[PDB]
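Descriptive analysis of the structure
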Amino acid sequence: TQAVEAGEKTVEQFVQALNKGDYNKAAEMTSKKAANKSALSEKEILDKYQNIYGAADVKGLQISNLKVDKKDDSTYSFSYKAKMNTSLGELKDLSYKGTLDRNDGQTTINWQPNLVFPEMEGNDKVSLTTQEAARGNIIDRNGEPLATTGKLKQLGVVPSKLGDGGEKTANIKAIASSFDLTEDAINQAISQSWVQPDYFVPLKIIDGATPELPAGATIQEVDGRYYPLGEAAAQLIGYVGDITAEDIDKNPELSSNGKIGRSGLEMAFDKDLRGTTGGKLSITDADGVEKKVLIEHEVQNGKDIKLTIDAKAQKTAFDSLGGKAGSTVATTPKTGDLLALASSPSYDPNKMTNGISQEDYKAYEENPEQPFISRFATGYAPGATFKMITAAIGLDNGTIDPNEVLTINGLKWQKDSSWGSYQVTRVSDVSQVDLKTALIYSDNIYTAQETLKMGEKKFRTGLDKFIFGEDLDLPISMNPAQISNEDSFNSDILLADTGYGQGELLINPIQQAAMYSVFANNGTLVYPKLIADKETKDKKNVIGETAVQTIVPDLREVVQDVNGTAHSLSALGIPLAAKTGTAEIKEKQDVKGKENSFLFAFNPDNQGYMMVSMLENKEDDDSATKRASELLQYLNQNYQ
């Protein structure tokens, strides 16, 4: 029948309008208010859906098994299964039933309260009780807390309870001479544009015993997320913020009264950390007596997340950067455990998750050094450390003879006049350069020449055995490393520049620690790992074992040789293999070139730890090597 198909279309549009939250559009599809017709007027149906579905945060109403037949000459019965998402989960297996009316040339819904929820009759009410779930903690490899939930005491004043004249000036000075605060800051806070007489003005966060409360002052306990390392792990851990109405629209299972991860691991593991809201959604009678329970769950607190991070290493790595732009990554290269992921400069996550002013937040955004960047997950040109990879590749394909000596004159070199005014630059004017000398002095000209001899095809063959283009299995947002923009250099200059770690190479520090792990596993690349319980994954035969046993002794000389670039690290008296240097990088946003400092270091005796550190846009006479001794001591002492 052509009328049965039109009756289905009416039910389809009705469910759609309910799904899109347009309750007025769904109410206008109902018949007139009467017995055997619609139970309420259009405005009353609107307010019932907006109140009930709004109270439970109904979202994503969808139906199935729609059956529409005929019951009389103008009455058509319909039925369908349906499910929806609420603040307590998914309401599944709902049997909806009703009748349609065909008057004139339009079909409408004989609306009944059973179309809000299946077993609702007359003036039944809907009740929703919820219990908030406690956010899980984030802990280091030894159980030390990195992000914890706790209660905080908020000292505040009520301007109406403070006084009228004279008594107000006395109570302001009394509340100031008890909590250690200037009387001008209290008057500035209680006289802002938002403050009203009977409001509550949060003053100071008390972190101890509460003194006597003068007239007007009061304490308000509030739930507070706390970060013990503070800025030292702010980029990695992240921060949580107040949940907004827009967050609930995207995910109703969020607690509108709680916190949501805004960045870092708080956002990456937000679902595992937030838990699930417990409570009960029930239908009551006209007076509030419970009839049917729709949904009921117990509160499930969030599960803790245990990281491979070492809290003492994380703090030492971050402090060593001295507030300068840079990053540090420490690993146990044989297993991939990320011991430290430091990024500097940083922001205060405690100030961020509690009270942060518009001025201090803008100071973070307008800061040219950009403290919000997670530098350990930002792609950089690997710089001076990448010389080892090109060397290992050249040793495997037989291009590089370790004992063959190149004769290099001066500090600048170009292949031929086709390069124009461009030349590869080195820092030390050493005449007779072999592989060991090139690694000790960090000779870019030697590397550029050996890369050009090797050729693009052999160079890419060795590079393709690494992790370029791969998505690392890490809960950290990052782009995969790339060799260059396209699959071909189409440039001898770009090929040469790529050889010593520049050109269009983009590798973030974490991906660098993965690639450089081959020197601690005889050519096996061990993938980095951040979650403690995860299984170690690796990639075998990335470079030859011969290349490792040739390069690592040379990397010891980068430290031990009197002219090695990392010779200051020999003061430690510990077995070290390192590779350091400096590169001048010019990005699109930069006008002129800026200098970055690079460091790679690990223990060549036990392979217990590995470190990559970088300074971005460094000051003169500053370097990552000058700052690495303190972390290297800790890693060497506690990770053998």
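How each quantity is defined
Residues numbered from 1 in each chain as written, not as in the entry; some residues may be left out. Heavy atoms only, no water. Residues with missing side-chain atoms left out of burial classes, pairs and counts. UniProt positions renumbered as here; feature names shortened; annotations may be inferred. Axes fitted to C-alpha atoms, helices over the stretch in contact; angles between N-to-C directions. Helix = DSSP H or I, 4+ residues; strand = E, 2+ residues; numbered from the N terminus. Parallel < 35°, antiparallel > 145°, perpendicular 65-115°, else oblique. Left-handed = near helix turned anticlockwise from the far one by under 90°. Contact = heavy atoms within 4.5 Å. Nonpolar A, V, L, I, M, F, W, Y, C, P; charged D, E, K, R; others polar. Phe/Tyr/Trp six-rings, centres within 6.5 Å; stacked < 30°, edge-to-face > 60°. Buried < 20%, exposed > 50% of the residue type's maximum accessible area, 1.4 Å probe, protein only. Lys NZ or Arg CZ within 6 Å of the ring centre and 35° of its normal. Core = buried A, V, L, I, M, F, W, Y, C linked by side-chain atoms within 4.5 Å. Salt bridge = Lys/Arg side-chain N within 4 Å of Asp/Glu carboxyl O.

Here is the UniProt Sequence similarities (unreviewed entry) comment for the chain, exactly as written: "Belongs to the transpeptidase family." Its UniProt record, at the heading Subcellular location (unreviewed entry), says of the chain: "Cell membrane".

The next thing to look at is the packing of helix α15 (residues 444–454) against helix α17 (residues 492–499). Contact geometry for α15 and α17: axes closest at 8 Å, N-to-C directions at 125 degrees. In terms of axis orientation, α15 runs oblique to α17. With respect to the hand of their crossing, α15 and α17 are arranged in right-handed fashion. Here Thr447, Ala448, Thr451 and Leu452 of α15 come into contact with α17, specifically with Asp492, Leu495, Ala496 and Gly499. Of the residues belonging to the contact of α15 with α17, the class tally is four nonpolar, three polar and one charged.

What follows covers the packing of aromatic side chains. If you walk through the whole model with that rule in mind, you get 18 aromatic pairs. Their ring planes at 15 degrees and their centres at 5.4 Å tell us that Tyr80 and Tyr96 sit as a pair that is stacked. Placement of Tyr80 in strand β2 (residues 75–86) and of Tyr96 in strand β3 (residues 89–103) is noted, with a sequence separation of 16 residues between them. Taken as a pair, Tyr80 and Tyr96 share a single burial class, namely buried. Residues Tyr516 and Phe600 carry aromatic rings whose centres are separated by 5.2 Å and whose planes lie at 70 degrees to one another, so their mutual orientation is edge-to-face. Of the two residues, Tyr516 sits in the loop between α18 (509–515) and β21 (525–526) while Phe600 sits in strand β24 (residues 594–602), which places them 84 residues apart along the sequence. Since its relative accessible area comes to 1%, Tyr516 is described here as buried. Three or more aromatic residues link up through ring pairs in this structure, and these residues are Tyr23, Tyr49, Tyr53, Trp111 and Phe117. One cation-aromatic arrangement involves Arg460 over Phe489; the distance from NZ or CZ to the ring centre is 3.9 Å.

Of all hydrophobic cores here, the largest spans 118 residues; its most connected members are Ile237, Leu307, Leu341, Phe386, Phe468, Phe519 and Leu530. Considering each element in turn, this core owes the most residues, seven residues, to helix α19 (residues 545–560). When near neighbours in sequence (up to four residues on either side) are disregarded, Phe519 contacts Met388, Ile389, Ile543, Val548, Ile551, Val552 and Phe602. Formed by 39 residues, the second largest nonpolar core is a distinct cluster that contains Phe14, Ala17, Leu94 and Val116.

Scanning all chains against the criterion turns up 27 salt bridges. For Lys415, the salt bridge is made with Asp492, and the minimal N-O distance between the two is 3.0 Å. Residue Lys415 is found in the loop between β18 (412–413) and β19 (424–425), and its partner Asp492 is found in helix α17; the two are separated by 77 residues along the sequence. Looking at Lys415, the relative accessible area reads 44%, which means it is partly exposed. Salt-bridge contacts for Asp622 lead to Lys626; the nearest nitrogen and oxygen are separated by 3.7 Å. With a relative accessible area of 7%, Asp622 lands in the buried category.

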